[PDB]
Ligand SMILES: O=c1[nH]cnc2c1ncn2[C@@H]1O[C@H](COP(=O)(O)O)[C@@H](O)[C@H]1O
Ligand SMILES: O=c1[nH]cnc2c1ncn2[C@@H]1O[C@H](COP(=O)(O)O)[C@@H](O)[C@H]1O
Ligand SMILES: O=c1[nH]cnc2c1ncn2[C@@H]1O[C@H](COP(=O)(O)O)[C@@H](O)[C@H]1O
Ligand SMILES: O=c1[nH]cnc2c1ncn2[C@@H]1O[C@H](COP(=O)(O)O)[C@@H](O)[C@H]1O
Ligand SMILES: O=c1[nH]cnc2c1ncn2[C@@H]1O[C@H](COP(=O)(O)O)[C@@H](O)[C@H]1O
C-alpha cells in the first residue's frame, strides 16, 4: 500500500511468493516444520552474465 | 538366613520384572524372506486378523473413522465407551454399514469387523445388549483391574447370554492368577497390562504396576494351555516393542499413542509454532460414563501429527516382518517361541 | 573361593538395599472399593489414627497451626524442639485448647492429640517433664542414630516415669538390631530411617545410609512379634511411596517436604518471578537447642506453595485408597501383607 | 517353581549380554614394554596383519584411497559393493597397482592386499568371479544375518571354486550356533555382530540384537577349536573398546565411524559454522545394488573431520599397546587370554 | 552348561567390581562421640599419622608449601618428581628445616615428616640416594602398574640399601596377587588403585581399570596378615568416600583434586568471569622426568579455588568423625571392620 501510494503502479514480489506451493523447488522438512529454498540471482549457488548481480 | 533384600519372608518380593527395554531378540537359523512372512494371528478363539494390531478403546483414539481404517488395514478397532449408549450403537452401525484393501477383516456377511468396550454394572449390561443388537463382533469388558469378582461375574453373564453370537475379552490383568481366573470365567481373550508405562500415573499415584514382559510371560503361562489368546495392552513405543511382545507369547498388540496422532483419530488438528499436534488423554485423566473406580490416574498431552493411518500400520508391519526374518519365524506361532537376551543398563545409553 | 565382590568375608557387604523406586505393588484378587477402604492404623500401641500420616518434627514443618490441622485431618503432628522449653509447652497448650472434621483424632476428653520431640540429656529430661505437665500425648526421643546407649537409657527412663500417661517413640534406626534394642528398652513405637534420601547429606558427608524399603523390612522383622508399630520417616515423595512404605510393614508414615509448602506450615510466603515458594531446611543444616551430635549434615532450600493442608492430605489418602483397591486390602493390616515386584533400571526412565 | 523373570521356561531368556561398557581389563603380572608389544594378528587362516584393524565395507568409509592407506598402515581395507561390478573391479585393480611404510601388508608378489564384499545370489556370483579375476585377496560374504541357508551355500560354493586362490569370510553372526555353521560351511574367518550399537536401528525397528562382548565370547567358543579367526564388527568407539574386543577372543577389529571422518574416506568435506564434518550413512539407510533383504534399518549423519588416517591408526595402536602393557601380553594371542572385571551402573557415570 | 555371560570359561569374567557409589556404611551399636573419635592411623609400619590423609605426588598438588601445610594439619605430603633431582632435594630440605599445630607429624628430632616419589631406573636410584641424603622420611616407588618385575626389584634394592633409615612404599596395584608380590618384595606400605575414576583416561584409552572398593578389599586381603598398611589412591570425591575407603580396609587415603584448588598448592591463581580457579593435570597428561611407560593417559583442567588447606582438612576430618560416630568406631582399626550395604541404581539418582 505504501509503494502504490508513493506513485508506483505495480509491485513486484519476491520472498512473499517463494514459499508458496506454486513456486519451484522441493519442499524441505526440518524438525516438524516446512520450508522452501530462496536464493538471490547474485548468490554463489545461483547464464547469469550480469556483472553487478 | 534372612532374605538378602531384607526381612525373613522369601516371597515378600515376588519376582524381578523385565520391561521391553531389558530384552532383545536373539537371531536364529532363518530361512524366511521378510516379504513373505505370514503375520496373521488370532485375536480371539474364533477371530483371526491379517495384521496383529488392535486400536485402543480410548476417546481420543478409536471412533468410526479409525475403526473403519483399522479394519481395512488388516487389524480391528475397539470403539470407546465415554459417550451415551445410543451414540456408541450408532458408531457400531456406521462401521458395519461401511480391490484397494486385500487385507480387510470381514465377517461371514462381508462387513468389516468391529469391537466395543463395556464396563461393569446394570447400565453396562444395557449397553452391551444394545451393542450386540447393533451388530458388534466382540465385547471387551474394559476395567483397570480385572481380578475383581464383579468383572469375572460380568464376563460369565455375557458369555451365558450372547456367548455364541459375539466374543468376550477380559479386562487388564498382570498376574498368572488373574489370567487363570479370567480363563475360568469364560473369556475368549485376555488383555494384559497394569501400569505398563515407565512413569505411568498408576505407578506414581498408587505405586502399583507390573513390567510388561514379565506380565505377558505369566499371563501366557496361564492362558496358553487352554488356547486363550493374549492382547498386550500398553507400553509399546516402536515396532521392536511389538515384536518383543509377540515373542513373549502375546497373540495381539493393542496400540494407543502410536495411533493418536494419525489423521483417522478424532480431535481437531492443532497448530503450534509451525508444527502440528493432536490431543491425547487417558480415560483416567482429569479432563476425560467413566464409572471405572480405578481409571486422577492419567494425564493429558499432545502428540505430533503423523499422517494417514496406513503409513504407520505399514511401518509397524515392516518392523515386525524384519524381526520375523531375523528370528526365522514363518508365522506368529513360531515367533512366539523365540528366545530373549537380557541387557544391562550399559546397553540402554 | 573368595567373595565375588572382593575379599574373603562374605558378610563384609551385608545385604542389597532396595529403595522406593526399586519396587512396585503387584495387583491381587481385589473385592475392595477404594471409597470404602479403611485407612486407620496404629501410631503407637495405644493410639489409632484415622489417617496413617504424621507431620515431621521440623522447625519449618510442624508448629501449633500445622499440628491442629493434622489432628483435624485425621493424623497427628509432632512439634519440633528448636526453641525454648516454655515456648514448646505453649505450643502444646495452644494445640490442646483448640461436624466439619469427622476424622479428627481426640483423646478421651475430646481434645486434639499432639506429640512433642525431645533430645537426650538432663535438659531434655526437664523439657520432657514440662511437656508432660503441659498435657502432651506422645514423646518422640528424636535422635539421628538411636542405637546409642544414652538414647535407650532415656527411653527406659521416660517409660519408667510417664510410661502410663503418655507414649514413648524411639529415634531413627535402620537395622534389625537397633529396632530390637529399642523394643527391649520399652518404646511404644519405632521410627525408621537413617539417610533415606537418594542424595541425603549423611550419604555424601558421612557415607552412611540405608535404603528405606530394606530398613523398613528389617525393622518390622524385629518389631512385629511384639506388636510395636513402625513409623517410616523420610524419603517419601508421592502417595505411591506411602503405599509402598505401608505395604512393607510400616504402620505409619511421617511426612516432611510434602507438607512444608502448605499454608499451615510456619514461615513467610516468598515470591520469586511470579511464583510462590516457602523455605525448607533440615535440623542439621548450618542455618538451623539442636544438641544432636549427628544432626553441617543438611541443606536449605525452597519448595513451591501448595495451598491448604487438607487438599494435600486428601490427595495422598486418595492415592493410598487406590493402592488398597488394586491390592485388594480392606484394611491397613491387609495392605501390610501385599507383595512387591522388583524392577530394573530400564523401568525407571 | 517358575522362572524369577516370569514364566515356566528357564530358556526363554537365554543369557545376560555384556557390552563393551560393562567390562574392564584387569591388570596382571607384566614384563612388557608398550613400545615392544607385538600387535600382529591373524585376519584369516592364511593372512596375518601387522595392525589388527580392518576398514568397514561401507560406501562412506572404504574406497581405493582408504584401502591403500589401510594397507600401508599395517591393516587392510574391504571395498564396499554399493556400485556396479566393473567399478568395484576397477577399484581392486587400482589398489593392486599402487621405506615410509615398514608395516605395509603385501602378497607374495609385493602388492598391497585388498578385500572385497559380495552378496548372495547369481549377480553376487558374477561379481565375485569378476573380483577374483581382478586380483582380489579376500572375499567377504557381507550379509546382515549370516545364519541363512543361502549365505552358507554361497560360502561353500566360493570355497569350492576359488578357495585356494582367495580367502572367504562369513557374514555377520551373533550366536555360537551361527558361528559353528559358518565354520562348517568352510569360512576362513567369521565376522561377529548383529545390532551391536547401543541405539542401533535394528534394535529399535526390529527389536533384534546382541551385546558385543557376549557375542564375541560365544563365537570364539565355537571358532577357536578349529583355528578360525574372529572379526569383531561394530560398536567400537575408543581404543579401549578395541582392546576389550581383542581380549574377548577376537583376532581382528573392523572399524566404521572411527575411520569415516578421516581424509582418506570418500565424500566431500563439509563446513558448518567454522567446523569440518563428513557424511556417514549405513548401508541400510534410505539414502543408501544393496540387494540385502535385512539391510530403513539405518540412519544418516555427519562426523567431525579427523585428519590423516595415520594419526588415528597410531592413536588406536598406542591405546592397544598400553592395554597390552597393563595386561602383560607380549602378543595378541596372549592378550586373548586376559581376564575381565564387570562393573555396575555406578561406574558408568 | 556354559557361563550365562557367554563362553565356557567361568573365570573369563573374574569378579563384579564395586565402586564408592555402590556401597553405604551401615549404622551399628555406637557409644562414640564424634568429637572424641581417634582418627590416628598407620601410614607405614613405623609411621603413625594423627590425620589419615596424604597429599598426592602431583606437580599441581604437593610442593614444599603444601607438604609443610599437610604435615602441620596432621597428615603428610609426598613431593612430586616432575623436576630435577637437585630441586627435589632442595624441596625436601626446605620442608625439613621449617602451639598452633598440636596434630603436626614430626620425627624424633622435632622436624616435620616428608615423603618423596621416585621412579624406576638408575637415574631413579641416584634420585633416591640424593633424597635419602637430604633427609627424606619415606620413598614412594610411584609407578602406574607396580606388578612389573623392575618395580619389585627396585623396591627390594631400596629396602636392602636404606631400608632401616627410611620407609619404602610400593606403586599402584589393583589385585591381590600384585599386593602379595609387593609384600614379598619388602614394601612397608602398598598404594592401591589403577584407573579408579569413573571416566579415567586409562579406562577409555586402554580399557584397563579396577573399581576401587573391590581393589581395596583384595589388596587388604593380601596385605593385612603381614601388617602392611594400604593407601587408597584415587577416586575420592567426598569425605564419605574417605570413610568408605577406610572402612574397606585401607589405612590411609591419598588426595588429589580435593587439595589442588587450595591456596597451599602450587600454580598461579586464575580469574574467570569473577570466579577463581587453579590448574590441575595428571602426570600422564600431554602438558606434563616422567619416565613412566604406562603413565596421553591423562587430562588437564581447572578446579575452583577453595582457600586455605586447613579448612578443607577440617571438613574432611569432620565427615570422617561423623562416619565413625555412626558406625560406633572408637579408632580407625575399629572402622576397618564396619559393614557395607549395596545400593541399586535407583538409589543413585
Ligand atoms: O541476487 C540478488 N541480489 C540483489 N537483488 C536481487 C537478487 N536477485 C534478485 N534481486 C532483486 O531483488 C528483489 C528482491 O525481492 P524481495 O525478496 O521481495 O525483496 C527481486 O525481486 C529482484 O528484483
Ligand atoms: O488414563 C489412563 N491410565 C492408565 N491406562 C490407561 C489410561 N487410558 C487408557 N489406558 C490404557 O493404557 C493403554 C496405553 O497405551 P499406549 O499409550 O500405547 O501404551 C491404553 O491403550 C489403555 O488400554
Ligand atoms: O538436617 C537433617 N538431616 C537429615 N535428616 C533430617 C534432617 N532434618 C530432618 N531430618 C529427618 O529426615 C526426614 C526427611 O523427610 P522428607 O523430606 O519427607 O524425606 C525428616 O522428616 C526428619 O525425620
Ligand atoms: O545400515 C546399517 N545398519 C546396521 N549395521 C550397519 C549398517 N551399515 C553398516 N553396518 C555395520 O555396522 C558397523 C558399524 O560400525 P561402527 O559405526 O564402527 O560401529 C559397520 O562397520 C557395518 O559392519
Ligand atoms: O596422568 C595421570 N593418569 C592417571 N592417574 C594419575 C595421573 N596423575 C596422577 N594419577 C594418580 O591418580 C590419582 C588421582 O587422584 P584424585 O584426582 O584425587 O582421584 C593421583 O593422586 C595419582 O595417584
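We place every Cβ from the backbone using ideal geometry, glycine too, and count neighbours over all the protein chains shown. Quick note: the coordinates plus some simple rules give every number you see, no bench work behind them.
Taking residue B:75, is it within 14 Å of chain C (Cβ to nearest Cβ) and buried (at least 22 other Cβ atoms within 10 Å of the Cβ)? No, not satisfied. Among the residues of segment B:336-349, those that are surrounded by fewer than 24 Cβ atoms within 10 Å (Cβ to Cβ) and in a helix (DSSP H, G or I) comprise B:345, B:346, B:348. Taken over segment A:24-50, the criterion of being assigned to a loop (DSSP other than H, G, I, E, B) and either within 16 Å of ligand 3 (Cβ to nearest atom) or surrounded by 10 or more Cβ atoms within 10 Å (Cβ to Cβ) (or both) is satisfied by A:25, A:27, A:32, A:36, A:37, A:38, A:39, A:40, A:42, A:43, A:46. Selection over segment C:33-46 of residues that are at the interface with chain B (Cβ under 9 Å from one of its Cβ atoms) and surrounded by 14 or more Cβ atoms within 10 Å (Cβ to Cβ) gives a count of 2.
Test residue C:94 against the criterion of being under 30 Å from residue B:199 (Cβ atoms), surrounded by fewer than 18 Cβ atoms within 10 Å (Cβ to Cβ) and more than 14 Å from chain E (Cβ to nearest Cβ), and give yes or no. No; evaluated as a whole, the condition is false for this residue. Scanning segment C:199-228 for residues that are away from chain E (no Cβ under 13 Å) and at negative phi yields C:216, C:220, C:221, C:222, C:223, C:224, C:225, C:226, C:228.
Among the conditions (1) surrounded by fewer than 24 Cβ atoms within 10 Å (Cβ to Cβ); (2) out of contact with any helix residue (DSSP H, G or I) (no Cβ under 8 Å at 6 or more places or on another chain); (3) under 14 Å from residue C:124 (Cβ atoms), residue C:142 misses just one, which is (1). Please indicate, with yes or no, whether at least one residue in segment B:281-288 is in contact with a helix residue (DSSP H, G or I) (Cβ under 6 Å, 6 or more places away or on another chain) and either within 20 Å of residue B:197 (Cβ to Cβ) or away from chain D (no Cβ under 14 Å) (or both). Scanning segment B:281-288 turns up no residue that is in contact with a helix residue (DSSP H, G or I) (Cβ under 6 Å, 6 or more places away or on another chain) and either within 20 Å of residue B:197 (Cβ to Cβ) or away from chain D (no Cβ under 14 Å) (or both). Residues that are at the interface with chain B (Cβ under 9 Å from one of its Cβ atoms), touching a strand residue (DSSP E or B) at 6+ places or on another chain (Cβ under 6 Å) and either surrounded by 24 or more Cβ atoms within 10 Å (Cβ to Cβ) or farther than 19 Å from residue D:252 by Cβ (or both): does segment D:161-168 have at least one? No, the conditions are met nowhere in segment D:161-168. Checking each residue in segment B:311-335 for being crowded, with 17+ Cβ neighbours inside 10 Å and within 26 Å of residue B:264 (Cα to Cα) picks out B:312, B:313, B:316, B:317, B:318, B:319, B:320, B:321.
Filtering segment E:206-228 to residues that are over 30 Å from residue D:314 (Cα atoms) and either crowded, with 24+ Cβ neighbours inside 10 Å or within 16 Å of ligand 3 (Cβ to nearest atom) (or both) leaves E:212, E:213, E:214, E:215, E:216, E:217, E:218, E:219, E:220, E:223, E:228.
Just one of (1) within 14 Å of chain B (Cβ to nearest Cβ); (2) within 28 Å of residue E:349 (Cβ to Cβ); (3) away from ligand 2 (no atom under 16 Å from the Cβ) fails for residue C:322. It is (3).
Of all residues in segment E:301-319, those satisfying the criterion of being within 20 Å of the chain's Cα centre (by Cα) and either more than 14 Å from chain C (Cβ to nearest Cβ) or within 16 Å of ligand 1 (Cβ to nearest atom) (or both) are E:303, E:309, E:310, E:313. Filtered by the rule that a residue be surrounded by fewer than 21 Cβ atoms within 10 Å (Cβ to Cβ) and assigned to a strand (DSSP E or B), segment D:1-14 gives a lone residue, D:14. The residues of segment A:1-23 that are surrounded by 10 or more Cβ atoms within 10 Å (Cβ to Cβ), away from ligand 1 (no atom under 12 Å from the Cβ) and under 27 Å from residue B:273 (Cβ atoms) amount to a single one, A:23.
Quick one: would you say residue E:274 is over 21 Å from the mean Cα position of the chain (by Cα), away from chain C (no Cβ under 14 Å) and surrounded by fewer than 16 Cβ atoms within 10 Å (Cβ to Cβ)?
Taking the combined requirement at face value, the residue satisfies it.
The residue list C:174, C:178 contains one member that is within 30 Å of residue E:23 (Cβ to Cβ), over 14 Å from the mean Cα position of the chain (by Cα) and more than 16 Å from ligand 2 (Cβ to nearest atom), which is C:178. In this structure, residue E:66 qualifies as in contact with a helix residue (DSSP H, G or I) (Cβ under 9 Å, 6 or more places away or on another chain) and more than 30 Å from residue D:28 (Cα to Cα). Can we say residue C:120 is under 27 Å from residue C:306 (Cβ atoms) and touching a strand residue (DSSP E or B) at 6+ places or on another chain (Cβ under 9 Å)? In short, no. When segment E:238-271 is filtered for residues that are within 10 Å of another protein chain (Cβ to nearest Cβ), more than 13 Å from the chain's Cα centre (by Cα) and within 12 Å of ligand 5 (Cβ to nearest atom), only E:238 remains.
Of the residues that sit in segment C:174-198 and are at the interface with another protein chain (Cβ under 8 Å from one of its Cβ atoms) and part of a loop (DSSP other than H, G, I, E, B), which one is farthest from residue C:281 (Cα to Cα)? Looking at residues that are at the interface with another protein chain (Cβ under 8 Å from one of its Cβ atoms) and part of a loop (DSSP other than H, G, I, E, B), I get C:175. Of the strands (runs of 3 or more DSSP E) that lie entirely inside segment E:243-312, those containing 1 or more residues that are farther than 30 Å from residue E:332 by Cβ and more than 16 Å from ligand 2 (Cβ to nearest atom) span E:270-272, E:275-281, E:300-304. Figure legend. Inter-residue proximity from segment B:192-209: first residues within 27 Å of residue B:223 (Cα to Cα), second residues part of a helix (DSSP H, G or I) and within 16 Å of ligand 3 (Cβ to nearest atom), beta-carbon distance below 6 Å, spacing 6+ or different chains. Indicated pairs: B:207/C:240; B:207/C:243; B:207/C:244.
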